[PDB]
Amino acid sequence: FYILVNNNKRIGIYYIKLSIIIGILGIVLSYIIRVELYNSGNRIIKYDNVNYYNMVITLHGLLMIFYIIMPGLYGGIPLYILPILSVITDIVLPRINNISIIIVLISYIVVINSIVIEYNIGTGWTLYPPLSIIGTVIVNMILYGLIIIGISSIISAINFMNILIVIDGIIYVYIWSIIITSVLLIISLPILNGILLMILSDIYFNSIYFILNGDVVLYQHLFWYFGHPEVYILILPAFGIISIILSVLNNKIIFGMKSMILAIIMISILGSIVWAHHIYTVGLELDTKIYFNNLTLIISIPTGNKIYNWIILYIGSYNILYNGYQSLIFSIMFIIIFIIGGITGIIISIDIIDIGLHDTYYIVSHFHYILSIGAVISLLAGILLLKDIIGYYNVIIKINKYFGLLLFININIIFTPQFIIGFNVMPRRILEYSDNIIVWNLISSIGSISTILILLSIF
Amino acid sequence: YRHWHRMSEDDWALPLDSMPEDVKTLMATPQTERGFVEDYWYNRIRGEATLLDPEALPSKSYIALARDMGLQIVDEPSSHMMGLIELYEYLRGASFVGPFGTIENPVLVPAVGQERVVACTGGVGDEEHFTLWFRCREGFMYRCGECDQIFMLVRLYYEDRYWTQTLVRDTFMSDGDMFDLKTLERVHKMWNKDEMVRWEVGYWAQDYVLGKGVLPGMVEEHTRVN
Amino acid sequence: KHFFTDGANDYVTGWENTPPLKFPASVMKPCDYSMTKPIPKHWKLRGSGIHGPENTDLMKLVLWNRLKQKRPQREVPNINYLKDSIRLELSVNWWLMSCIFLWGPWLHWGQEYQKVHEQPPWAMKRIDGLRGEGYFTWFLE
Amino acid sequence: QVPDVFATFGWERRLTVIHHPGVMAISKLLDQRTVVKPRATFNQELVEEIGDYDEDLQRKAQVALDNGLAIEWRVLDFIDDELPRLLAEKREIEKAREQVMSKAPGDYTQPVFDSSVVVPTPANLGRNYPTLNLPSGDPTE
Amino acid sequence: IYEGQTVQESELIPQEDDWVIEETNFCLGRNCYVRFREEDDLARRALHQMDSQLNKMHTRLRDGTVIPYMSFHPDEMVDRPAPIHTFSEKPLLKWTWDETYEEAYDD
Amino acid sequence: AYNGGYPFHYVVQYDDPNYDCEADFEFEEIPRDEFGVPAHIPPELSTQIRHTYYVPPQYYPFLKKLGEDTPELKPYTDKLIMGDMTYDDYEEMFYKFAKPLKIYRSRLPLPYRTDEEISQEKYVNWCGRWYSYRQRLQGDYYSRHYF
Amino acid sequence: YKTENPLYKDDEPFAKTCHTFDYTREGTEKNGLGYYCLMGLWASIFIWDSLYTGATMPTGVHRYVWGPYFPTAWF
Amino acid sequence: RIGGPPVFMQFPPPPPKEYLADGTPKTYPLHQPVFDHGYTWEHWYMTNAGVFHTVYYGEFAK
Ligand code: HEA
Ligand code: HEA
Ligand SMILES: CCCCCCCC/C=C/CCCCCCCC(=O)OC[C@H](COP(=O)(O)OCCN)OC(=O)CCCCCCC/C=C/CCCCCCCC
Ligand SMILES: CCCCCCCCCCCCCCCC(=O)OC[C@H](COP(=O)(O)O)OC(=O)CCCCCCCCCCCCCCC
Ligand SMILES: [O-][O-]
Ligand SMILES: [Cu+2]
Ligand SMILES: [K+]
Ligand SMILES: [Zn+2]
């Protein structure tokens, strides 16, 4: 059978397969955005169809976060190796594992169908009210997709937590990475569901939470109380992969295993209490701002310890071993790239700097360097390491120095200029802009078309 | 073992309705040809026939007494096999901890197949290293590349079969003198008389030898409604 | 206790890490050979040496943990255990009694007083001219 | 010389240990619940406590205590009629115990006693006791 | 931290003056994509794949013991590609301690 | 000390030979325990009453033979003959004579190694020690260089 | 013979082995005097705050025999 | 546990081999093409083969 299979390794393959498929839609949307932003004027979207651009950016964000990177790094690699790393025959909950992937596909079909049938409008992937609650039915459909996705995420989290009860070996760092992400999901998702239900109540049940005398800033608190834990639910599995690859390929035992583990635990606790750095410009109280700014800067400490522990893993490794394997290059590239993204995160963490840089393309470049570059490369590196175990073929990736170089160069051509226009300043979530920002926007656009072309050479 | 769930009622005794109805052939079947249920009732009928005959017990040797109850006299061959069986079962849900393996005394890795995945953690204290996993295939004396701990695979294999309690009992136990049905009848009359049955198994067993339904109350005992 | 714990409240399988204290040490003892004296050099390793059923104490622990599941009578626990088994049940029952015979009476008195004096007997009478019962929990005002 | 034997327990999940052939024979003999019977011995303290739950059993238990009888509970319900046999049975068991204990080692001849009064034995396999769980009083009196 | 096994000087003393470090190649060999024969069917190609497993390979030392293919994690211990059912016999993680009991020995 | 003292499995007896706890719905029959104690006598009281096993006297000569052949077993057999063996005494006897299964390393077939290979064991151990010595020293050397 | 009612027997002790459970030195078995002192203070603060509602607004006029630097002038 | 899912089972022998009427062994589909072009380079890379071993992995132009 195909759909009935409960094999945990087969389901892991399904997650990667579906992430690539849905990923095609994600990348296409990204190409639309960059094409439009190539100059000033209308290029591929009419001025009377500006609502489509708002929908393109909204769906891009939602799909890449919840339907591509999360299903790939928390559903794909985890479901394939975690039961093996735990020296257990199979996953604890076989039937739940099957329904989770089916749920993801069904929620994807709902979203894309809503593109085709509903009027196309957008409110960002952060679905801020009151804009989200005064929209058309496409917003209702997107809400159903998120809630359905939430069901799959929570049940998958329950599945991984049960490994503690059955693990027959040692909890390796990677296993710790997934367990903590599962804990972060169990604690953050129920809050998200509540606020999403309130968005529905105002959309569909004549509720009045997001109209005057009701505080719209309330949504942002509950949303981001899940929002930021989400960005670490998306990065922590990547960290777990990086640890395995560096140790295996360099033939070096992980250094400071317990510090790696305790760094992951620390990032989670801290990541659960820093959400309001996304709400700096709303007008929060001075002491609140100072608390959140202080705790946000603390997250660098545990995150920094992991980075340096990775570096010493690559240091001192034997020279005779060939170092041009794509998996090793990607793992090393992750350290180089993640530091850029994190440092810019610390810059935006200072609220006074953030006043200038909120809702600008500097924020875009910041989270792209971590996700669009770092997380993607980590997932690629992990799949590449498991090529023999997974068994896929008909691609030229394993040893392809051209692909790695071209990808690194062109991805930086896209997002490095977006840091510059952040002090120009070019707001986010816009399509038209002043003529004096064309140069940098044009350079980034040339980078986007080039990256897409390099994706064709792998076949 | 800790990994096993709770004893069943059957783990203690079997219902008398599972007794084979052809007792005459049951007591004449060789041990190698008796199934699990047949072997249970052969031992119980024969074992209780000797135990319920007090006047003969003191003159019966332990070798003969053990045979009647179906208990296997132990010897080094069978002890080795049974011990390795119980060690395999224990390791199913228990940790694998023991002395450091050397050429003289390799770490013994029991397996049914020709291979079992094993990890070396090194020695004690500072001599402990990170888990190094390897596939322990039969016929090779493995040496850890890090601590030089010697490993070896032990296979529970005998004559196209793996080692089980049933296999050990069949291979080493020898059938004695054929059970005499006169003993069954004699003991039956001893403890079962005038509507008092103090050997229920021997009342049912004698009834079957008689043809089923012969003894008082046995037709009523065998008449069920569903 | 309600919640199942493998180590302490293991009622699903009834496993116990150590034998009953009633048994003489010559009959059964806890599996602890940490104090074994050094092995003479002329002794040779016959068994595996692996921790498992080859050790007499561990074997007896496994055997007893299975043969203890059938017993002629109950092993009556002492009253301390019995109280702990239903601690929540008894406490909830007493809570119900408190709600009926303590909370009930004074809540009724307050409402009857409120009827005549407009505000409960544990509140400050207002002079602002507003009407109604007002707050009930005066210490949260 | 006593050979060692394998003793196995469990039906589907079987645990094997080494054991004593004589100890296993005794174990199976005590499993013959119809032949080997548990018997109760009382003391004055416990007889008095029985009355708190069954007055009739207290009176019958007192008779057993006064005669120092180890008695089965089913027989105790008929101690009024069985008393002469029970006293005779007590004597015969004591005679047999003495004879076997006093015999020299290696002498395994059967004891000489009157088995017709000892139950359960081939000579006297017992009586078909009627159930006594029948009300005999009229609730309207 | 782990710094290797401890060595006593007595254990570094050779039994001959010509002893040097054994020069055995730990490169398993030259490999590439597993190459299936056209004639082989699905069953016989499965046998071919099972006979090309690097994790079943080892290096035999001068004294007849073999150092196996080893990995930090058990992910490299299953057949490649991963079969449907991998760890039928529970993989055994061997721990070492100094405890002993008398029953294991004989005088 | 498990399951609140309730045995997972226990014997129940009924006075009426044709009684069925599932078919009948009468309210007069009182079940008994394995020792025969009626259910209306509480456990706390019945467990204090001393119950001993009584075997038919024809078994005394057999129980005597067991004691003589195994003197360590004699005290338990004497209790059984004298009607002083409780259930606890039986349990002590049972577990006292249980022995663990024995494994013999001399019966294990060994992986094949030639006599030439067997004479090189000391050499291979010698190489392993020098590899560990060189490893440990290099760790200090490298740590100093890279840090 | 003599017997003990099982309902009034004492709790069995933990087994003495290499792995021994000991709660004697923890002091977590029951609430101590300190806890009841917290309850008493809570009751006291509750009553005081209501009885004397001008305590938080004290008078700055102070005489203080032996001046301000004497110990009884700090309480 | 008697009659439970076996820990280990031996593979049954493979099905009979098929020959063509002329005796030629019957070939089955195989997705390992021999591409046609003039390039014949062979690149070799030392690869991690666990902790203590390596393998000399070769990539062939064809
Ligand atoms: C996985 C993705 C990911 C990751 C890891 C992070 C990590 C961090 N992010 Fe996040 N962030 C996003 C994804 C991510 N972010 C997204 C998607 C948004 C926008 C959402 C939206 O608005 O729609 C966002 C937005 C965002 C903002 C909002 C700016 C604005 O709205 O105007 C801020 C500011 O506080 C912030 C801060 C941080 C910080 C301080 C970290 C830290 O984790 C970084 C820690 C790492 C380092 C610091 C480098 C490594 C450590 C060292 C080298 C040690 C030495 C360094 C120091 C001592 C400083 N992020
Ligand atoms: C992880 C999520 C993710 C990923 C991969 C990307 C990838 C890209 N994004 Fe991203 N983007 C977001 C998440 C992501 N984005 C979010 C959350 C926003 C904000 C939404 C909002 O404003 O509301 C955003 C916004 C955003 C904008 C802002 C539009 C606006 O609001 O004004 C732009 C264009 O400038 C853009 C461009 C790109 C480009 C050019 C790529 C990439 O195409 C760059 C090239 C890289 C690749 C083409 C490889 C990607 C491959 C995969 C993802 C598949 C991996 C699968 C496996 C390995 C199995 N993105
Ligand atoms: C020599 C020493 C003598 C000492 C004598 C002590 C005598 C003490 C007498 C105490 C009497 C207390 C009476 C309380 C009556 C309360 C009646 C009442 O409110 O009933 C209704 C109310 C519910 O009303 P609702 O309409 O639902 O409104 C409230 C919720 N919306 O019902 C209840 O509260 C139910 C509970 C009633 C409890 C009655 C308590 C009676 C106590 C008597 C104690 C006698 C002690 C005698 C001691 C003698 C010592 C020598
Ligand atoms: C998430 C929110 C949770 C709820 C709110 C949390 C509030 C903070 C945490 C409180 C937790 C308490 C749990 C109970 C612990 C307990 O009873 O703990 C009890 C302990 C005593 O322990 P014992 O029971 O062993 O004696 O109490 C103490 O240690 C105090 C003893 C009494 C002291 C009396 C005098 C106190 C004077 C205080 C002056 C303060 C001045 C302040 C000036 C600024
Ligand atoms: O979001 O960081
Ligand atoms: Cu954030
Ligand atoms: K434009
Ligand atoms: Zn080792």
# chains A, B, ... in the order shown; residues from 1 in each chain; ligands from 1
$ residues_around --residues "residue D:5" --least-positions-apart "5" --cutoff "10 Å" --atoms "only C-alpha atoms" --output "PyMOL selection string"
(chain B and resi 62-63+66+70-75+79) or (chain D and resi 17-22+24) or (chain F and resi 99)
$ residues_around --residues "residue D:43" --least-positions-apart "6" --cutoff "9 Å" --atoms "only C-alpha atoms" --output "PyMOL selection string"
(chain D and resi 62+65) or (chain F and resi 49) or (chain G and resi 1-2)
$ write_last_selection --atoms "C-alpha atoms" --output "short mmCIF file (atom, residue, chain, number, x, y, z; two decimals), in the first residue's frame"
data_model
loop_
_atom_site.label_atom_id
_atom_site.label_comp_id
_atom_site.auth_asym_id
_atom_site.auth_seq_id
_atom_site.Cartn_x
_atom_site.Cartn_y
_atom_site.Cartn_z
CA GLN D 62 -14.97 -22.36 71.16
CA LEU D 65 -10.44 -24.49 70.97
CA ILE F 49 -5.65 -17.29 62.70
CA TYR G 1 -0.07 -18.40 70.34
CA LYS G 2 -0.06 -14.60 70.14
#
$ residues_near_ligand --ligand "ligand 8" --cutoff "9 Å" --atoms "only C-alpha atoms and all ligand atoms" --output "CSV table (one decimal) with C-alpha atoms, in the first residue's frame"
chain,number,residue,atom,x,y,z
B,119,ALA,CA,27.9,-1.0,21.4
B,120,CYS,CA,31.1,-0.7,23.3
B,121,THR,CA,31.3,2.0,26.1
B,122,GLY,CA,34.8,1.1,27.1
B,123,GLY,CA,36.0,0.5,30.7
B,127,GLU,CA,38.3,4.4,30.6
B,128,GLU,CA,34.6,4.8,29.5
B,129,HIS,CA,34.3,6.2,26.0
B,130,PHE,CA,31.4,7.3,23.8
B,131,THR,CA,29.2,4.5,22.4
B,132,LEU,CA,30.8,2.8,19.4
B,143,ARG,CA,38.1,-6.0,19.1
B,144,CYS,CA,37.0,-2.4,19.8
B,145,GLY,CA,39.1,0.0,17.9
B,146,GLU,CA,39.3,2.3,20.9
B,147,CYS,CA,39.6,0.3,24.1
B,148,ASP,CA,40.6,-3.1,22.7
B,149,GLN,CA,37.6,-4.8,24.4
B,150,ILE,CA,37.1,-8.2,23.0
$ residues_near_ligand --ligand "ligand 3" --cutoff "7 Å" --atoms "only C-alpha atoms and all ligand atoms" --output "list in words"
residues 100, 101, 102, 103, 104, 105, 106, 107, 108 and 109 of chain C
$ write_last_selection --atoms "N, CA, C and O atoms" --output "PDB file, in the first residue's frame"
ATOM      1  N   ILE C 100     -21.570  22.688  52.919  1.00  0.00           N
ATOM      2  CA  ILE C 100     -22.979  22.609  53.281  1.00  0.00           C
ATOM      3  C   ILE C 100     -23.240  23.241  54.641  1.00  0.00           C
ATOM      4  O   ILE C 100     -24.224  23.962  54.817  1.00  0.00           O
ATOM      5  N   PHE C 101     -22.377  22.976  55.620  1.00  0.00           N
ATOM      6  CA  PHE C 101     -22.629  23.367  56.999  1.00  0.00           C
ATOM      7  C   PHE C 101     -21.842  24.591  57.449  1.00  0.00           C
ATOM      8  O   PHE C 101     -22.131  25.121  58.527  1.00  0.00           O
ATOM      9  N   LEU C 102     -20.861  25.052  56.672  1.00  0.00           N
ATOM     10  CA  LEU C 102     -20.134  26.274  56.992  1.00  0.00           C
ATOM     11  C   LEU C 102     -20.400  27.377  55.976  1.00  0.00           C
ATOM     12  O   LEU C 102     -20.878  28.454  56.337  1.00  0.00           O
ATOM     13  N   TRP C 103     -20.107  27.125  54.701  1.00  0.00           N
ATOM     14  CA  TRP C 103     -20.342  28.128  53.671  1.00  0.00           C
ATOM     15  C   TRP C 103     -21.829  28.416  53.520  1.00  0.00           C
ATOM     16  O   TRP C 103     -22.234  29.575  53.373  1.00  0.00           O
ATOM     17  N   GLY C 104     -22.652  27.377  53.560  1.00  0.00           N
ATOM     18  CA  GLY C 104     -24.072  27.516  53.356  1.00  0.00           C
ATOM     19  C   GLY C 104     -24.731  28.480  54.320  1.00  0.00           C
ATOM     20  O   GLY C 104     -25.432  29.412  53.917  1.00  0.00           O
ATOM     21  N   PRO C 105     -24.526  28.270  55.622  1.00  0.00           N
ATOM     22  CA  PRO C 105     -25.211  29.129  56.603  1.00  0.00           C
ATOM     23  C   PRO C 105     -24.862  30.605  56.504  1.00  0.00           C
ATOM     24  O   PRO C 105     -25.771  31.444  56.531  1.00  0.00           O
ATOM     25  N   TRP C 106     -23.579  30.965  56.397  1.00  0.00           N
ATOM     26  CA  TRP C 106     -23.252  32.387  56.397  1.00  0.00           C
ATOM     27  C   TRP C 106     -23.593  33.047  55.071  1.00  0.00           C
ATOM     28  O   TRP C 106     -23.923  34.236  55.044  1.00  0.00           O
ATOM     29  N   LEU C 107     -23.542  32.297  53.973  1.00  0.00           N
ATOM     30  CA  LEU C 107     -23.990  32.836  52.696  1.00  0.00           C
ATOM     31  C   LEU C 107     -25.476  33.167  52.734  1.00  0.00           C
ATOM     32  O   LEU C 107     -25.908  34.187  52.188  1.00  0.00           O
ATOM     33  N   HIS C 108     -26.274  32.311  53.373  1.00  0.00           N
ATOM     34  CA  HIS C 108     -27.698  32.589  53.523  1.00  0.00           C
ATOM     35  C   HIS C 108     -27.928  33.823  54.382  1.00  0.00           C
ATOM     36  O   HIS C 108     -28.762  34.674  54.054  1.00  0.00           O
ATOM     37  N   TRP C 109     -27.195  33.935  55.488  1.00  0.00           N
ATOM     38  CA  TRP C 109     -27.334  35.096  56.359  1.00  0.00           C
ATOM     39  C   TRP C 109     -27.011  36.381  55.613  1.00  0.00           C
ATOM     40  O   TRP C 109     -27.698  37.393  55.776  1.00  0.00           O
TER      41      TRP C 109
END
$ select_by_dssp --residues "stretch 41-214 of chain B" --states "alpha helix (DSSP H)" --output "PyMOL selection string"
chain B and resi 41-51+62-69+76-90+165-172+181-191+200-210
$ residues_near_ligand --ligand "ligand 1" --cutoff "6 Å" --atoms "only C-alpha atoms and all ligand atoms" --output "ChimeraX atom specification"
/A:231-232,234-235,277-278,296-297,300-301,303-304,339,342-343,345-346,348-349,354,357-359,363,367,370-371
$ write_last_selection --atoms "C-alpha atoms" --output "PDB file, in the first residue's frame"
ATOM      1  CA  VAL A 231      11.284  30.020  15.461  1.00  0.00           C
ATOM      2  CA  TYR A 232      13.171  27.844  17.946  1.00  0.00           C
ATOM      3  CA  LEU A 234      12.206  25.322  13.650  1.00  0.00           C
ATOM      4  CA  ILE A 235      15.908  25.804  14.454  1.00  0.00           C
ATOM      5  CA  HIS A 277      10.624  41.714  21.356  1.00  0.00           C
ATOM      6  CA  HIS A 278       8.203  41.480  18.409  1.00  0.00           C
ATOM      7  CA  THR A 296      16.416  38.514  24.659  1.00  0.00           C
ATOM      8  CA  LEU A 297      20.130  39.328  24.824  1.00  0.00           C
ATOM      9  CA  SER A 300      22.947  34.596  22.919  1.00  0.00           C
ATOM     10  CA  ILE A 301      24.887  32.983  25.789  1.00  0.00           C
ATOM     11  CA  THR A 303      23.407  29.851  21.607  1.00  0.00           C
ATOM     12  CA  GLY A 304      27.021  31.015  21.592  1.00  0.00           C
ATOM     13  CA  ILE A 339      26.356  33.695  13.147  1.00  0.00           C
ATOM     14  CA  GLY A 342      22.069  35.698  15.073  1.00  0.00           C
ATOM     15  CA  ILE A 343      24.268  38.785  15.330  1.00  0.00           C
ATOM     16  CA  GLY A 345      19.137  39.404  15.712  1.00  0.00           C
ATOM     17  CA  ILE A 346      21.055  40.870  18.639  1.00  0.00           C
ATOM     18  CA  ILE A 348      17.440  44.287  16.346  1.00  0.00           C
ATOM     19  CA  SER A 349      17.050  43.133  19.961  1.00  0.00           C
ATOM     20  CA  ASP A 354      14.572  48.312  16.577  1.00  0.00           C
ATOM     21  CA  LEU A 357      14.558  48.661  11.882  1.00  0.00           C
ATOM     22  CA  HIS A 358      11.046  47.343  12.686  1.00  0.00           C
ATOM     23  CA  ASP A 359       8.935  46.470   9.639  1.00  0.00           C
ATOM     24  CA  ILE A 363      14.201  42.021   9.578  1.00  0.00           C
ATOM     25  CA  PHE A 367      15.254  35.657   9.447  1.00  0.00           C
ATOM     26  CA  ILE A 370      18.646  31.798   9.551  1.00  0.00           C
ATOM     27  CA  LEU A 371      15.740  29.999   7.836  1.00  0.00           C
TER      28      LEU A 371
END
$ residues_near_ligand --ligand "ligand 2" --cutoff "6 Å" --atoms "only C-alpha atoms and all ligand atoms" --output "NGL selection string"
:A and (16 or 19-20 or 23 or 27 or 30 or 33-34 or 57-58 or 61 or 64-65 or 69 or 72 or 124-125 or 371-372 or 376 or 379-380 or 411 or 428-430 or 448 or 451-452)
$ residues_near_ligand --ligand "ligand 6" --cutoff "8 Å" --atoms "only C-alpha atoms and all ligand atoms" --output "short mmCIF file (atom, residue, chain, number, x, y, z; two decimals) with C-alpha atoms, in the first residue's frame"
data_model
loop_
_atom_site.label_atom_id
_atom_site.label_comp_id
_atom_site.auth_asym_id
_atom_site.auth_seq_id
_atom_site.Cartn_x
_atom_site.Cartn_y
_atom_site.Cartn_z
CA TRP A 224 3.94 35.87 19.64
CA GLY A 227 5.50 32.95 17.48
CA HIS A 228 8.94 33.08 18.94
CA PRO A 229 8.89 29.56 20.40
CA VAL A 231 11.28 30.02 15.46
CA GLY A 271 12.67 31.35 24.13
CA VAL A 274 11.06 36.72 25.31
CA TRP A 275 8.17 36.97 22.85
CA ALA A 276 7.49 40.69 23.24
CA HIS A 277 10.62 41.71 21.36
CA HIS A 278 8.20 41.48 18.41
#
$ residues_around --residues "residue A:94" --least-positions-apart "2" --cutoff "10 Å" --atoms "only C-alpha atoms" --output "list in words"
residues 5, 6, 7, 8, 11, 90, 91, 92, 96, 97, 98, 99 and 159 of chain A
$ residues_near_ligand --ligand "ligand 7" --cutoff "6 Å" --atoms "only C-alpha atoms and all ligand atoms" --output "PDB file with N, CA and C atoms, in the first residue's frame"
ATOM      1  N   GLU A  36       8.511  41.252  -8.916  1.00  0.00           N
ATOM      2  CA  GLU A  36       7.791  42.509  -8.746  1.00  0.00           C
ATOM      3  C   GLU A  36       8.719  43.605  -8.244  1.00  0.00           C
ATOM      4  N   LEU A  37       9.557  43.290  -7.263  1.00  0.00           N
ATOM      5  CA  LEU A  37      10.417  44.271  -6.618  1.00  0.00           C
ATOM      6  C   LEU A  37      11.662  44.619  -7.438  1.00  0.00           C
ATOM      7  N   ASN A  39      12.070  46.603 -10.081  1.00  0.00           N
ATOM      8  CA  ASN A  39      12.138  48.054 -10.233  1.00  0.00           C
ATOM      9  C   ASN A  39      10.895  48.665  -9.596  1.00  0.00           C
ATOM     10  N   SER A  40      10.717  49.967  -9.800  1.00  0.00           N
ATOM     11  CA  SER A  40       9.502  50.673  -9.422  1.00  0.00           C
ATOM     12  C   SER A  40       8.586  50.801 -10.632  1.00  0.00           C
ATOM     13  N   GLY A  41       7.289  50.715 -10.383  1.00  0.00           N
ATOM     14  CA  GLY A  41       6.285  50.451 -11.393  1.00  0.00           C
ATOM     15  C   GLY A  41       5.518  49.188 -11.049  1.00  0.00           C
ATOM     16  N   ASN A  42       4.624  48.798 -11.953  1.00  0.00           N
ATOM     17  CA  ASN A  42       4.056  47.456 -11.911  1.00  0.00           C
ATOM     18  C   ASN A  42       4.711  46.580 -12.971  1.00  0.00           C
ATOM     19  N   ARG A  43       5.173  45.401 -12.552  1.00  0.00           N
ATOM     20  CA  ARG A  43       5.923  44.485 -13.405  1.00  0.00           C
ATOM     21  C   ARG A  43       5.119  43.247 -13.778  1.00  0.00           C
ATOM     22  N   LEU A 431       5.003  46.539  -2.234  1.00  0.00           N
ATOM     23  CA  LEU A 431       5.410  46.196  -3.594  1.00  0.00           C
ATOM     24  C   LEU A 431       5.979  47.374  -4.369  1.00  0.00           C
ATOM     25  N   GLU A 432       5.407  48.562  -4.207  1.00  0.00           N
ATOM     26  CA  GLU A 432       5.932  49.784  -4.797  1.00  0.00           C
ATOM     27  C   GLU A 432       6.848  50.498  -3.807  1.00  0.00           C
TER      28      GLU A 432
END
$ interface_residues --of "chain E" --to "chain A" --cutoff "8 Å" --atoms "only C-alpha atoms" --output "compact mmCIF listing (two decimals) with N, CA and C atoms, in the first residue's frame"
# COMPACT_ATOMS: atom_id res chain seq x y z
N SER E 71 30.60 3.05 14.54
CA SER E 71 29.99 4.36 14.40
C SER E 71 29.60 4.90 15.77
N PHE E 72 29.53 6.22 15.87
CA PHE E 72 29.12 6.85 17.12
C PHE E 72 27.65 6.59 17.41
N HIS E 73 26.82 6.45 16.38
CA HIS E 73 25.39 6.31 16.54
C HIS E 73 24.91 5.04 15.85
N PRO E 74 23.79 4.47 16.29
CA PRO E 74 23.29 3.24 15.67
C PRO E 74 22.62 3.45 14.32
N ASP E 75 22.56 4.68 13.82
CA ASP E 75 21.96 4.91 12.51
C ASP E 75 22.76 4.23 11.40
N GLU E 76 24.05 4.05 11.61
CA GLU E 76 24.92 3.44 10.61
C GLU E 76 24.99 1.92 10.74
N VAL E 78 22.13 -0.21 10.54
CA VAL E 78 21.10 -0.89 9.79
C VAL E 78 21.57 -1.06 8.35
N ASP E 79 20.97 -2.02 7.65
CA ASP E 79 21.29 -2.22 6.25
C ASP E 79 20.93 -0.97 5.45
N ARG E 80 21.73 -0.69 4.43
CA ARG E 80 21.53 0.48 3.59
C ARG E 80 21.07 0.03 2.20
N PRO E 81 19.87 0.42 1.74
CA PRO E 81 18.88 1.27 2.41
C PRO E 81 18.18 0.57 3.56
N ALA E 82 17.56 1.35 4.44
CA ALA E 82 17.00 0.79 5.66
C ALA E 82 15.88 -0.19 5.33
N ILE E 84 12.48 -2.63 6.23
CA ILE E 84 11.23 -2.32 6.91
C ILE E 84 11.36 -2.58 8.41
N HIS E 85 11.95 -3.71 8.79
CA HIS E 85 12.12 -4.10 10.19
C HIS E 85 13.61 -4.22 10.47
N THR E 86 14.14 -3.33 11.31
CA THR E 86 15.59 -3.28 11.50
C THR E 86 16.10 -4.04 12.72
N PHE E 87 15.74 -3.59 13.92
CA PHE E 87 16.34 -4.12 15.15
C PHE E 87 15.42 -5.17 15.77
N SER E 88 15.31 -6.31 15.09
CA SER E 88 14.48 -7.39 15.63
C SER E 88 15.05 -7.90 16.95
N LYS E 90 17.15 -6.90 20.04
CA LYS E 90 17.44 -5.61 20.62
C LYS E 90 18.95 -5.36 20.62
N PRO E 91 19.42 -4.26 20.05
CA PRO E 91 20.85 -3.95 20.14
C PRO E 91 21.28 -3.81 21.59
N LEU E 93 23.74 -2.46 24.38
CA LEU E 93 24.72 -1.48 24.81
C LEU E 93 25.44 -2.05 26.03
$ residues_around --residues "residue C:63" --least-positions-apart "6" --cutoff "10 Å" --atoms "only C-alpha atoms" --output "count of residues only"
10
$ residues_around --residues "residue F:82" --least-positions-apart "4" --cutoff "12 Å" --atoms "only C-alpha atoms" --output "PyMOL selection string"
(chain D and resi 70+90+93-101) or (chain F and resi 52-57+59-60+63-64+75-78+86)
$ residues_near_ligand --ligand "ligand 4" --cutoff "6 Å" --atoms "only C-alpha atoms and all ligand atoms" --output "list in words"
residues 31, 32, 33, 34, 35, 37 and 38 of chain G
$ residues_around --residues "residue C:11" --least-positions-apart "2" --cutoff "7 Å" --atoms "only C-alpha atoms" --output "JSON, numbers by chain"
{"C": [4, 9, 13, 14], "F": [2, 3]}
$ interface_residues --of "chain C" --to "chain D" --cutoff "10 Å" --atoms "only C-alpha atoms" --output "ChimeraX atom specification"
/C:53-54,59-60,62-63,66-67
$ interface_residues --of "chain F" --to "chain E" --cutoff "6 Å" --atoms "only C-alpha atoms" --output "number ranges by chain"
F: 113, 117-118, 120-121, 127, 132, 136
